[PDB]
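All remarks here apply to the structure that follows.
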Amino acid sequence: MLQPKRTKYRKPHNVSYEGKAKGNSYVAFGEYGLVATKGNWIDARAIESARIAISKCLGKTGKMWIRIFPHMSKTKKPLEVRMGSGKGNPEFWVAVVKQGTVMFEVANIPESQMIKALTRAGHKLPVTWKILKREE
Amino acid sequence: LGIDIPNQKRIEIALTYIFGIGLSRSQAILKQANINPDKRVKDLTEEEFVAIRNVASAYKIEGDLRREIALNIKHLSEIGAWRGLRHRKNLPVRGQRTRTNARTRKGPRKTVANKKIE
Amino acid sequence: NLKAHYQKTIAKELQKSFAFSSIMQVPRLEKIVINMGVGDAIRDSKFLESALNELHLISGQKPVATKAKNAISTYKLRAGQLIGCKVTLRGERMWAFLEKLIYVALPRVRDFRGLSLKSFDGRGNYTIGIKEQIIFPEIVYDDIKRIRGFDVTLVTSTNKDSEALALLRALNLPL
Amino acid sequence: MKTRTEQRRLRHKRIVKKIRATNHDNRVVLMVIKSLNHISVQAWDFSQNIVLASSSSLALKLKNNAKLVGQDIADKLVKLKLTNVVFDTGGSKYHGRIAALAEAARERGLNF
Amino acid sequence: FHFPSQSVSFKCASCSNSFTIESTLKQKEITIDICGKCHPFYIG
Amino acid sequence: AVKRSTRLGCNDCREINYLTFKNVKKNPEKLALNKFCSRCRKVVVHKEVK
RNA sequence: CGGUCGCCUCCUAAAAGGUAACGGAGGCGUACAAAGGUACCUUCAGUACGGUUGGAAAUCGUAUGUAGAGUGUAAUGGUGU
RNA sequence: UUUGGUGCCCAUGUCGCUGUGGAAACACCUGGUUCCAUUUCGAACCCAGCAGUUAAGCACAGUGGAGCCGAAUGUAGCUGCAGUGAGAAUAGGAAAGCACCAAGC
RNA sequence: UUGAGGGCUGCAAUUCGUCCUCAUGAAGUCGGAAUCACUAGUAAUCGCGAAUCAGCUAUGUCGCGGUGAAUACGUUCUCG
């Protein structure tokens, strides 16, 4: 899906997925921002679903920027495997999201549509959502 | 300009080696000056070489003739006409009919197939 | 001597024309370099010795050939395989080469349409390319079959090349 | 890149670094500079980083070849009672007047 | 050390002038059809 | 895996001094070294052998 | 049944070191009378510019360029007179 | 007092600009039979002389142009729910300095 | 072939006339299968006239005249 077309190493480390935030502690481009209240990994399927839903309910009248991206890939060995004999096999690409980070910032449309879109995207993402309003 | 001569043969034909000056002006100048070109020798001396070249430059210069023909062709092709498009695509302009003739500018004969019939 | 006339007249003329308050701000030509480049045979058309020998004959300095600084992809040329020649000359040989060029080379050109409009790099360097092997007063017609041109460059102690144009104009240069 | 003088400074620096590092014996280095008008010589003993002796053609002579500019400082060396120096060529080559001053140092029984 | 060098005169009879710093080392006072004094872009 | 061995030995007493290597591909030529010799107790030219 | 059985570089591997798998990666059964030692002197890769053959890349000239070549080589570290 | 060299320290030392002066010196410069020499040449090295030079490099004053260093709070991190102290950003700094000899003091 | 200048035809020459002069001189150093022609003025070859006619690179056609060959053993194989 939406992922780098090249990568030097097939098998990276899992993720150092604990912690609160490493950058992106603020809304930058949009007017309403989504805040994650859980740190885990999100696959590209849900990300694509949320992006399509947001583009459907918003269009190009406004604009929403995504501050995260599936920079990582993951491996998962198939069933009926005896422990050992090499590592697993790559399956997909994933994005780590830490509790207290921003990933969607939307602007150029009234506030109610922003709130509705953020609620719909949050109910599409596994992570529990929080809303933030941009201020200068 | 001063070095285009075959070795050890008549100067009157040796002068025509330049791309743009033929046997007419060369012989006309030569017999007007009455130099009596030598037989089977590349050249006699250079006492008149500069003079012969100065006199020949009066007619025209072959290298300058290259530019003259180039600008003539360019100006002929710039103006919207059958001549310009005909010369642009390198085809015979003089009106001769062409079916499979005039095979000097079209390169080698090139064909693949045609319409068959049973 | 062209060099004597230069150093006795042109330096003072340029000092009077361009205010310097110092007799050594006038641009002075340092050296000339000659190189050809060979790309007709893999390692031997005439073994390149013809051009080296004629340059040796025409110049007072021994010719030398450069090595392959870069790996060549078009042809199998790596780690040497000398192509072209290199001669860096100064002193009286420089002036001899200059006077051959200003009175024989350009006059021996079949047709000329002027020069010295943009032959600069913007940093005080000038260049001349010649398309004929037999253009010099010292060259034999019997040589390598293919006629070969040459490239030379001129540089001074400064980079204000406008004054170089003015000086060369004072030294028999087409405009 | 090269001013014909700063490159001399760098060459002299690398030579004295070589002397300092490769030679671990306590010895004063006789550094000689070949100026375009005359020649100067100085002495530098490490572990103190000061000058022990010096000579040139300003306070002792007028111009250059003359070997005198050696003996005096050579005398200065025997006035220091060490006579064990390492001869630095500086930004020059051992030849001509450099060899002349080396011979002048040798004839005074200096160890180098 | 090098090829035997020398100094020979040059002569442009077309422009009727002679100059001398160096020339070909095996011939004396070679002749040319045109020089820098008869240059087509310097004569008024 | 490769065999480059050659034995440099003295000539005045025919010793077997030093085992060394030299590429036969570049040149199959004898190399005359100058090294120390015990039975001569001095630096002499050693020659190569199989 | 399959893979390996020895040697060496990096991460795993807990800021010395040490430290597992049928972990992730990689190379090895070398080369060399020169790619050795010593003395001499010399210092980038590249980019832009200007040039007959002559290419995005041939060589030179002018600079800028501070590590982005090279120091046999799979890798590491160091390596800018 | 400065100038010349020198190591020391290898940027808060750098690369750049505006002016200053070289009379003694340093530098350029004058040339290349010869000491020596050019991967190729008085390019470079080297010989013997200072006609001219403050223009080139050398420096001194300014230039915060670029490069570069970097205050505190808070904060990341952690050792038992307190301590510990960050980095980055930020005020800003930023036109080297320390010794020896030598000439004019 | 390309380009320039003169001259002619016809009301008119760009589509598409022609001639001359001048500038250039593509290829080609006898061509593979197939093969046409004629038994003496013959082949081959050097020229001229008529036609269509304002113009007509038709080297075409109809003729004219000059110079002037080779072989023929054969009908077995090729065609009728």
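Chains as they are written, first to last, in the UniProt record's numbering: chain A, 1 to 136; chain B, 5 to 122; chain C, 3 to 177; chain D, 1 to 64, 69 to 116; chain E, 5 to 48; chain F, 2 to 51.
Beta carbons are placed, not taken as given, at the ideal position from N, Cα and C, and that holds for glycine.
Within-8 Å CB hit, C/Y128 to chain E: No - not a single Cβ of chain E is within 8 Å of the one on C/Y128.
Option in C/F114, C/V106, C/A168 with minimal Cα separation from C/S19: If we check each option's Cα against that of C/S19, C/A168 comes out closest.
Exposure of D/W44, with buried meaning 16 or more beta-carbon neighbours within 10 Å: buried
Contacts of E/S18 in chain B (Cβ-Cβ under 7 Å): Going along chain B in sequence order, the residues near E/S18 (Cβ under 7 Å) are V54.
Short CB-CB distance (under 8 Å) between C/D145 and chain B: no
Any non-hydrogen atom of the ligand PLP closer than 7 Å to F/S39 Cβ: Absence of the ligand PLP from the depicted structure is noted, as is the absence of any ligand whatsoever, leaving it without description.
Straight-line gap, D/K61 to D/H12 (C-alpha atoms, nearest Å): Near 25 Å, if we compare the C-alpha coordinates of D/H12 and D/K61.
Where the beta strand (DSSP E) through D/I33 begins and ends: 28-34
Euclidean distance between Cα positions of F/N35 and F/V46: In a straight line, the C-alpha of F/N35 is about 4 Å away from that of F/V46.
Contact list for E/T35 against chain B, beta-carbon separation under 7 Å: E50
Length-filtered (3 minimum) beta strand (DSSP E) runs lying within the segment 82-110 of chain C: Whole beta strand (DSSP E) segments, 3+ residues: 89-91.
C-alpha gap between F/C41 and F/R8, whole angstroms: Cα to Cα, F/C41 sits roughly 18 Å from F/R8.
Any 3 or more C-beta pairs closer than 8 Å across the segment 37-46 of chain A and the segment 16-23 of chain A: Judged by Cβ distances under 8 Å, the segment 37-46 of chain A makes contact with the segment 16-23 of chain A, as three or more pairs qualify.
Residue range of the beta strand (DSSP E) that includes A/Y32: 32-36
Test item: CB-CB of C/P65 and C/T160 under 8 Å: no
In DSSP terms, what A/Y17 is bridged to: Paired residue(s): none; A/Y17 is not in a bridge.
Range covered by the alpha helix (DSSP H) that runs through A/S55: 44-58
Three-pair Cβ contact test at 8 Å for the segment 57-73 of chain A versus the segment 88-107 of chain A: yes
Every unbroken beta strand (DSSP E) within the segment 8-60 of chain C, with a cutoff of 3 residues, ordered by chain: 31-37
Collapsed DSSP secondary structure at A/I131 in the structure displayed: strand
Pick from C/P176, C/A98, C/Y128 that is closest to C/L108, judged by C-alpha positions: C/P176
First and last residue of the uninterrupted alpha helix (DSSP H) at A/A95: First-last for A/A95: 90-97, but that is the beta strand (DSSP E), not the alpha helix (DSSP H).
Nonlocal neighbours in the same chain, by C-beta distance under 6 Å from D/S96, ignoring five residues either side: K34, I102
A/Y26 vs A/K133 beta-carbon contact at 8 Å: no
Through-space distance from F/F37 to F/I17, alpha-carbon basis: 12 Å
Pair within 8 Å by beta-carbon distance, D/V32 and D/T93: yes
Beta-carbon proximity check, C/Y128 vs C/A166, cutoff 8 Å: yes
Beta-carbon proximity list for B/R29, same chain, < 6 Å, skipping 5 on both sides: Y63
Selected residue, minimal CA-CA separation from C/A70, among C/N37, C/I85, C/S61: Considering only alpha carbons, the answer is C/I85.
8 Å Cβ cutoff met for residue 123 of chain B and B/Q100: Missing from the structure shown is residue 123 of chain B; chain B here goes from 5 to 122 and no further.
C/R112 at chain B interface by Cβ criterion, 8 Å: For C/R112, the answer is yes, since a Cβ of chain B falls inside 8 Å of its Cβ.
Pick from C/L16, C/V89, C/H7 that is closest to C/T155, judged by C-alpha positions: C/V89
Classification of B/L89 by the beta-carbon crowding that lies within 10 angstroms, buried from 16 upward: Under this definition B/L89 is an exposed residue.
Supposed contact pair C/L59 and E/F7 - C-beta distance, whole angstroms, cut 8 Å: 6 Å
Members of the segment 53-83 of chain C near chain E, C-beta cut-off 8 Å: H58, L59, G62, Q63, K64
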